[PDB]
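Residue numbers -2 to -1, 1 to 379, in mature numbering (1 follows the signal peptide of the UniProt record, and there is no 0), belong to the letters of the sequence shown in order.
No residue lacks a Cβ here, since even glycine has one placed at the ideal position from N, Cα and C.
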Amino acid sequence: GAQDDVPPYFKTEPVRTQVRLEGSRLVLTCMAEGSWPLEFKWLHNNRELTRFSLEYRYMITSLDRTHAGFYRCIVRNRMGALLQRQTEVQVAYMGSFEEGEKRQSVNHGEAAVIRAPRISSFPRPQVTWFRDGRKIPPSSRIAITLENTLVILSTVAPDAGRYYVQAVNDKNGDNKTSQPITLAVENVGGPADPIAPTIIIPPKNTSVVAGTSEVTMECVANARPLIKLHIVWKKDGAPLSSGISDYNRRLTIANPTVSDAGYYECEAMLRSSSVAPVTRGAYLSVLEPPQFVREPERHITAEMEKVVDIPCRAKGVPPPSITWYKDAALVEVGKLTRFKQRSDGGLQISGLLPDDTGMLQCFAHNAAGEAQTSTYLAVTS
Ligand SMILES: *[C@@H]1O[C@H](CO[C@@H]2O[C@@H](C)[C@@H](O)[C@@H](O)[C@@H]2O)[C@@H](O[C@@H]2O[C@H](CO)[C@@H](O)[C@H](O)[C@H]2NC(C)=O)[C@H](O)[C@H]1NC(C)=O
Ligand SMILES: *[C@@H]1O[C@H](CO)[C@@H](O)[C@H](O)[C@H]1NC(C)=O
C-alpha cells in the first residue's frame, strides 16, 4: 500500500525525576516518532490534562507546587497509541523556621542529642550548625548525623548555650536561620568518672536503588574518656578495614549492588579498659529497577480467531509487576474476557478479532522504577 504505516515510538524517554524552580517555565516533551500526523495528549497523576493535539510539548508558564506530580503523554497516529514512561516534576521551594525556641537538658558526661529544626523545603536543605556565630563542624566530640542531628559527646559545662541552624536550599539559593535550641548541662563538676560505651545513633535499616553512587551507614557512640572510645564496623562478623570515615561514625559503600546487601553492625568499645563493648546493627537492602529479559518483536502477526502470545519478561528487586496496554488503554484481564495474563508475564489473546489490531504495550513496575516495551499486533484475515 502506497501510504506510510510506521507506528509511534519514543526516540528518547523522559527523565524519571526532575527538580524545577517555583515560578519558572516548564516544558515537558513527548519525543515520539512515527508516520505523520502524530497527536499528543497529556496526563497529570493519571488524570487527563489535555485533548489530542499536534503539539508535542506541554508548557506550564509559571510553576507552583500545585502543578507538581507525575506527567506522561499519550501519543497516537493512524496505527495506534503508546503510553509514555512518566516523569516526576518536583517543585523546589523553601519556607521559614516555624517551631520556635526549645529548651533541652543533658547530664554531665552524657550526650546531648539535638534534632535539627524542621523547615518546609524541597529539596532537603544544606544544614549548618552554629553557636555564637561560629560554625560547628564534626570533631572527636561533636557528631553530625545523616539527618543533620547534632550530637555533643561527653558533655561538659561549657557545652551550654544557644544552638541554631542555617538552612540553604541549593536549588533556589534561599538562606534561613532557625530559632535557638537552648542546652543546659546539669550536675556539672563532679569527678570525671568513666562512662561505659553506649550507641546513641544506631545504624538504620537502609534502602538504596542500584545505580546510586553511594550508600552510607552511620553509628554515633558515647563514652568517657572519649579518647579511649573506638568504633569497629563489621560485615558478616569480620571487621571492615575500608570505607570508614568521619571519626569511625560512618561506613560508605560505593556503587552498591545486591552483593553488598546484608547485615552491617557497629561495635562501640573502650581501649585499655575492662568495660564490655556494645553492638548495634542494621540491614542494607538494595533495590533494582525493572530490566527486560525478553521483549516482543516490534511486529506480531496472527490469524483471525486463532491464539497469540506476546512475551514480556522483566527482572527486578522486588520482582516487578507487569501491566498491559492496548493503544494506551488498560487491558482488562479478568475472566469472561478473551484476555489471559501468563505467569511469566506474557499476554495471551484468544478468539482474535480484527479490532485487536494495534499497539500492545507492556509496563514492568516496582518501587525502584518502570520500564516499557511494545509491539504492533496485526490480525490478518
Ligand atoms: C530491620 O529490618 C529487619 C527485617 O528486615 C528484613 O529482613 C532481613 C533479614 C533482610 O532480608 C532485610 O532486607 C529485610 O527487609 C527487622 O527484623 C525483624 O525484627 C523483629 C524483632 O524486632 C523480628 O521478630 C523479625 O523476625 C525480624 N524480621 C525479619 C524479616 O528478620 C529489624 O527489626 C529492623 N530493624 C529496625 C527497624 O531497626
Ligand atoms: C546565609 O546568610 C548569612 C547572612 O548573610 C551569611 O553570613 C551566610 O554565609 C549565608 N550562607 C550561605 C551558605 O550563603
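{"Item": "Determine the burial state of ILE225: buried for a count of at least 16 other Cβ atoms within 10 Å of its Cβ, exposed for fewer.", "Value": "exposed"}
{"Item": "Just jot down, in chain order, the residues whose CB lies closer than 7 Å to any heavy atom of ligand 1.", "Value": "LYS202, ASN203, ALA259, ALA280, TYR281, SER283"}
{"Item": "When we look at the beta-carbon of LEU328 and count the other beta-carbons within 10 Å, is it buried (16 or more) or exposed?", "Value": "exposed"}
{"Item": "Quick one: does the C-beta of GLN164 sit closer than 7 Å to a heavy atom of ligand 2?", "Value": "yes"}
{"Item": "With a threshold of 7 Å, establish whether the CB of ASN173 neighbours any heavy atom of ligand 2.", "Value": "yes"}
{"Item": "Rounded C-beta distance between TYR262 and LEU282? I'm assuming under 8 Å.", "Value": "6 Å"}
{"Item": "Can you tell me the Cα-Cα spacing of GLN177 and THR196, whole angstroms?", "Value": "30 Å"}
{"Item": "Taking the beta strand (DSSP E) that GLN289 belongs to, which residues open and close that run?", "Value": "276 to 292"}
{"Item": "Terminal residues of the continuous beta strand (DSSP E) containing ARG311?", "Value": "311 to 315"}
{"Item": "Roughly how many angstroms lie between the CA atoms of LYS39 and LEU345, to the nearest whole one?", "Value": "26 Å"}
{"Item": "If you compare alpha carbons, which of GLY131, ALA114, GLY159, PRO156 is closest to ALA141?", "Value": "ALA114"}
{"Item": "Can the beta-carbon of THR373 be found less than 8 Å from the beta-carbon of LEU358?", "Value": "yes"}
{"Item": "By how many angstroms is the C-alpha of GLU11 removed from the C-alpha of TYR56?", "Value": "15 Å"}
{"Item": "Suppose only complete runs of 3+ residues qualify. What are the beta strand (DSSP E) ranges in the segment 40 to 114, listed by chain order?", "Value": "55 to 58, 67 to 75, 78 to 81, 85 to 92, 100 to 105, 110 to 112"}
{"Item": "Between which two residues does the beta strand (DSSP E) harbouring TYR161 extend?", "Value": "159 to 166"}
{"Item": "Could you tell me whether the Cβ atoms of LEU41 and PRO6 are closer together than 8 Å?", "Value": "no"}
{"Item": "Rounding to the nearest angstrom, what Cα-Cα distance links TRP231 and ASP244 in this structure?", "Value": "13 Å"}
{"Item": "Throw me the rounded Cβ distance for the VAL213 and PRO287 pair, which I believe falls under 8 Å.", "Value": "Actually they do not touch by this definition, with Cβ atoms about 16 Å apart."}
{"Item": "In the DSSP assignment, find the unbroken beta strand (DSSP E) run with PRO195 in it and report its ends.", "Value": "193 to 199"}
{"Item": "For the structure I just gave you, are there three or more beta carbon pairs, one from the segment 101 to 113 and one from the segment 148 to 155, closer than 8 Å?", "Value": "yes"}
{"Item": "Does DSSP classify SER243 as helix, strand or coil?", "Value": "strand"}
{"Item": "Leaving aside the five residues before and after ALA190 along the sequence, list all residues of the same chain whose C-beta is less than 8 Å from its C-beta, in chain order.", "Value": "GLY107, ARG222, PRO223"}
{"Item": "Quick check on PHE361: buried or exposed, where buried means 16 or more other Cβ atoms within 10 Å of its Cβ?", "Value": "buried"}
{"Item": "Which residues bound the beta strand (DSSP E) around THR214?", "Value": "212 to 216"}
{"Item": "So for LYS174, helix, strand or coil by DSSP?", "Value": "strand"}
{"Item": "Measuring alpha carbon to alpha carbon, tell me which residue in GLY209, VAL276, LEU375 is nearest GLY367.", "Value": "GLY209"}
{"Item": "So, under 8 Å CB-CB, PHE290 and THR371 are touching, yes? Tell me the CB distance rounded to an integer number of Å.", "Value": "6 Å"}
{"Item": "Is the segment 60 to 73 close to the segment 16 to 27, with three or more CB pairs under 8 Å?", "Value": "yes"}
{"Item": "Apart from the five residues just before and just after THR180, which ones in its own chain have a Cβ nearer than 6 Å to its Cβ?", "Value": "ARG101, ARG160"}
{"Item": "Sort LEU81, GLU96, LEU19, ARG83 by Cα distance to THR64 and report the nearest one.", "Value": "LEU19"}
{"Item": "What does a CB cutoff of less than 7 Å around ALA274 pick up in its chain, not counting 5 residues either side in sequence?", "Value": "none"}
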